[PDB]
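Step one of this worksheet: look at the structure below.
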Amino acid sequence: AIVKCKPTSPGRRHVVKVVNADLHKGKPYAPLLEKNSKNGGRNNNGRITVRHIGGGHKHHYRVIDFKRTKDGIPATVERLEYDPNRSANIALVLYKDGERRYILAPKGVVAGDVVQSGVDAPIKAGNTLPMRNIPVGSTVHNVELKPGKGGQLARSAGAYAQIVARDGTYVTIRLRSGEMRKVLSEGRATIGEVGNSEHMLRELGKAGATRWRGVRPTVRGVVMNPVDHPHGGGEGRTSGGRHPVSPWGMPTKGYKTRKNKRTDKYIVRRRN
Amino acid sequence: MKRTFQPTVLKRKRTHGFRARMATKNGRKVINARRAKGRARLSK
Amino acid sequence: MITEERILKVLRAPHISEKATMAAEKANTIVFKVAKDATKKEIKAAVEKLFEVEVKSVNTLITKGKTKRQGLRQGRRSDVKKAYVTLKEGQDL
RNA sequence: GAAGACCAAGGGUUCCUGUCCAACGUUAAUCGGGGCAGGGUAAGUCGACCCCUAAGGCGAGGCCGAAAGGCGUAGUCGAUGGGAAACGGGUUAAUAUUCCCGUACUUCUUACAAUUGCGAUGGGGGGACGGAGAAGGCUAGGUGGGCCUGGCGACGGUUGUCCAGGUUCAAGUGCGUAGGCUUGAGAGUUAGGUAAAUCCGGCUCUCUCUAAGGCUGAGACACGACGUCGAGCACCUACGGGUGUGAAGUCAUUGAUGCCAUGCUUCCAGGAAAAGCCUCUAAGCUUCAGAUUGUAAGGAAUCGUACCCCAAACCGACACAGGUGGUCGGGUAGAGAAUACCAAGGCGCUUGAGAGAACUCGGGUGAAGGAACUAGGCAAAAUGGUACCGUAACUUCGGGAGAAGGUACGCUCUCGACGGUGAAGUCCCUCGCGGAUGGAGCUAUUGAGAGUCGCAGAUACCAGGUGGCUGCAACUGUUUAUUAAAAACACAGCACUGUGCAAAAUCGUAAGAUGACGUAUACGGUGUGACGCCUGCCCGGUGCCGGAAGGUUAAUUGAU
């Protein structure tokens, strides 16, 4: 739920919190945790390759079944859990054979619910069929681009794709971008939308809250010196003195940067 | 006031030590250079 | 298995000292200057064989050598390993 | 709450003793961190080494690269983290959890005995962990009583309800308490844990399910300890000692920031890893080898150990008003680790002696006035506590607010009201580290009244000046190390835009990386900058996006 914090301090005044009562208060399921050190946006060269990343809380990576290939065997949602490694929540499912796993927790799914994968799987939330076995019009998430590879599209909190058409060995999906693209029908997708849609209604309220999420501050180009940024320089506030560019001179405000060509055949309509 | 030399032995060795010099081509160049100069101390 | 050659190299000299004298008088401990390589086991063997005594304990330390100036040229004296060898009660060396 | 005592680092003999005083030492020096010589550092248990891993490093093959090399797999290194075990006392000129005394604990090897499926690089478990808050239980330590020993007063008084000092001891073992966690028991079974599994996970049946079993566990108590310590005396002088022998050794209260507690509650930002360890089997071995439990015998190496550490020994050229991580923290007062005065302990800061000019520095007071000073109240002065009373505009309803401004405040007595702890005795016991029950003793809080001294009772130290109008920036933050701390940066929020995942983007020749083990509620760039009301007109220019008809146009081709 969405809760506005009472202004007992500046720093609290404009906080809006997503508080989910259904999330498990205890410790996560230890067999599915891995270490997840932070890199501060530095690469193997040790250089900052991505700006404005640094700090935040230590958190373990939870291992999610994005593949969902354990067909036939039903699984019951033991609990929903907070996953620090993503916006969505994760469900801990128990298979009838006593395997436990984490899945991306779909919208209306709660402890006790049964999920199943495979071609026979009923068309209900959390179930994973091959998209050829999923009726046209249906909303799905955790969509595979390559069969067997595991879900890659529609995994963010509140995300989902809709199957728009089916022609041959491809289905056309509409992604949250608005892009329409062909995907191989053999690829799996899970029925329904990812949960935690209220994620977008949060309001951090204060500087430090961003810092808790491991985001360092962004300095604007216009307040740097010309040696530092094409928008640097000037006496008094300026607008950059030029068409907006990145730190590396690349045109921002409109300039398209997609250059794939390999994958253009799969894109039916662009998001625009 | 905190001055620039804040010695630790380990950091001295790992940076300027013999095994550090010997690990890299350019480090070995330094050792050879110092050995040619006649330097009593090749490494720190 | 300590050889006799080893046994004859381990103990370098007795150590003469107010402290050594006290040790001998009070705690039945003979202080030797032992070889740097010497181990407490080798030292016990050597003391037993070469003095026909029964050793209770061997404690060893290394004294690091003093730097000395000697006019212009500074230089260090050599490190000495000493062994405090406690003889069993009744035994004299 | 250090100018004391320790430790790490860093240094490296500066340590202790004798001797010397040239130089060094801001003077002299008999002294010294100086010179010279001699001595001094004792470990199964501390630390290193070692086993284990983090970031990260290196990296067989590999991938990539003119060469040099770069990246990286298997690996192997890498603590700042995980992993066995020792305390009390005594002793040196100088070490001591290391020597000695007392009394422990850990682990390994070998041999032997009795039981006996053993076996991992694999499975499962465990190890194993966040921030904040709170209540409770303890203990150290403090204080007082009692006790023991001594005292009976340099000047009135001081045989007392008087004075002073003391009133010691741990690990460990036993025990299993306050507290914490967890239902157990027995059957039958198996879509799982890369194979296997008797282990784990799952399922089914019964039974039990505030419970009572297990696990954990401060502290208490017993032992350790008829030892040790102990004021005091005895006792040798060499005048330093040495040995010798030694009283009481309890109770109450208070009480940690230490312990139970890696707990409990709660929150979001969701909280190392790996090994040791337990268990399970596999391949493999089955008079074996191994395993377990026990009993002997033996081992546990090596390296560090001096000394300095709010520093004259480290970093600052100096015996430099600076810097330097961690631990310990007594009394009175006090909320307190503030502050004042003291303890333990340590120092008087390595030039002194005079004098009592100007002027400089740091302070104290000041007639009358009171900002007239000045760029500017700069600096000073002032305010300063607690309890209660009382408090405006405005407001985002939190604030503003300690607004403002008042009153009381010492000490003595009297009458009161109360909290904690909990003795004896009593009574139940499911008889113990158990319950009531009881109030002695101890200790704390507080009200009212009366009185009394002084210029003054928050008496010192300590300790907000306040209010009004207005610009700017929402706010806490950040910055020009060393002339700028701000209105500058950031910021939450907003918007545009890129980006469909082999994402964009960035580092890189490449491989490979980050992005992200993320996936459009995401990620990157750009601007704006909480919040409220809003955000007009112009697409000519220049961007960017789209469109392609035509025109122009490269390599190429090669007609003439």
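Reminder, nothing fancy here: chain letters follow the sequence lines and each chain counts from 1. Worth knowing before you read on, the calculation uses all heavy atoms, side chains too, and leaves out hydrogens, waters and symmetry mates.
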- Message: My understanding is that a pair needs two contacts under 3.5 Å, Watson-Crick or G-U wobble. By that rule, which nucleotide pairs with D:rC233?
- Response: D:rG244
- Message: Under 4.0 Å, counting only non-hydrogen atoms across every strand here, what does A:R237 touch: a base, just sugar-phosphate, or nothing?
- Response: sugar-phosphate
- Query: So does C:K40 pair up with C:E42, basic N to acidic O under 4.0 Å?
  - Reply: no
- Message: Does C:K66 reach a base, just sugar-phosphate, or nothing at all? Heavy atoms under 4.0 Å.
- Response: base
- NA contact type, A:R155, heavy-atom cut-off 4.0 Å: base, sugar-phosphate, or nothing? base
- Message: Looking at D:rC517 and A:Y61: do their rings stack (centroid distance under 5.5 Å, interplanar angle under 30°)?
- Response: yes
- Interatomic distance at P, D:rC155 relative to D:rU30, whole Å: 48 Å
- Query: Is C:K19 touching bases, backbone alone, or none of the nucleic acid, heavy atoms closer than 4.0 Å?
  - Reply: base
- Message: Let's test this: given Watson-Crick or G-U wobble pairing with both distances under 3.5 Å, identify the partner of D:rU204.
- Response: D:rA187
- Query: How would you label the contact of A:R242 with the nucleic acid (heavy atoms, under 4.0 Å): base, sugar-phosphate, or nothing?
  - Reply: nothing
- Query: Please give, in whole Å, the distance from D:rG271 P to A:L33 CG?
  - Reply: 7 Å
- Message: Looking at D:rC112, which nucleotide sits across from it as a Watson-Crick or G-U wobble partner, both distances under 3.5 angstrom, or is there none?
- Response: D:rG294
- Give A:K259 one of three labels, base, sugar-phosphate or nothing, depending on what nucleic acid heavy atoms sit under 4.0 Å from its own. nothing
- Message: Regarding A:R86, tell me which of base, sugar-phosphate or nothing describes its non-hydrogen contacts under 4.0 Å with the strands shown.
- Response: sugar-phosphate
- Message: Need one value for A:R270: base, sugar-phosphate or nothing, where a base atom within 4.0 Å counts as base even if backbone is also close, heavy atoms only.
- Response: sugar-phosphate
- Whom does D:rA300 pair with, Watson-Crick or G-U wobble, provided both distances fall under 3.5 Å? D:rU106
- Query: Is a salt bridge present between A:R68 and A:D71, judged by a nitrogen-to-oxygen distance below 4.0 Å?
  - Reply: no
- Query: Touch check for A:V245, heavy atoms < 4.0 angstrom, all strands: base, sugar-phosphate only, or nothing?
  - Reply: sugar-phosphate
- Does D:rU158 pair with D:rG62 as Watson-Crick or G-U wobble, both distances under 3.5 angstrom? no
- Looking only at side-chain N and O atoms, does C:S17 come under 4.0 Å of OP1 or OP2 in D:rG40? yes
- Note on the structure: Paired to D:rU426 by Watson-Crick or G-U wobble criteria (both distances under 3.5 Å) is D:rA436
- Task: Find the partner of D:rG263: check Watson-Crick (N1-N3 plus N6-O4 or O6-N4) and G-U wobble (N1-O2, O6-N3) distances, both under 3.5 Å, and reply none if neither fits.
- Result: none
- Hey, do D:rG493 and D:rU528 pair up, Watson-Crick or G-U wobble, with both distances short of 3.5 Å? yes
- Query: Any salt bridge between A:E99 and A:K70, counting N to O under 4.0 Å?
  - Reply: no
- By the Watson-Crick or G-U definition, both distances under 3.5 Å, D:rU407 is matched with D:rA387
- Query: If you look at every strand shown and take non-hydrogen atoms under 4.0 Å, does A:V50 touch a base, only sugar-phosphate, or nothing?
  - Reply: base
- Message: At less than 5.0 Å, which groove edge of the paired bases is touched by the side chain of A:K253: major or minor?
- Response: minor
- Check ion pair A:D264-A:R181 (N to O, under 4.0 angstrom): no
- Item | Sugar-phosphate, base or nothing in reach of A:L204, heavy atoms under 4.0 Å | sugar-phosphate
- Ring-on-base stacking D:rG270 with A:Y82 (under 5.5 Å, under 30°): yes
- Task: Scan A:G158 against the nucleic acid and name what it touches under 4.0 Å (heavy atoms): base, sugar-phosphate only, or nothing.
- Result: base
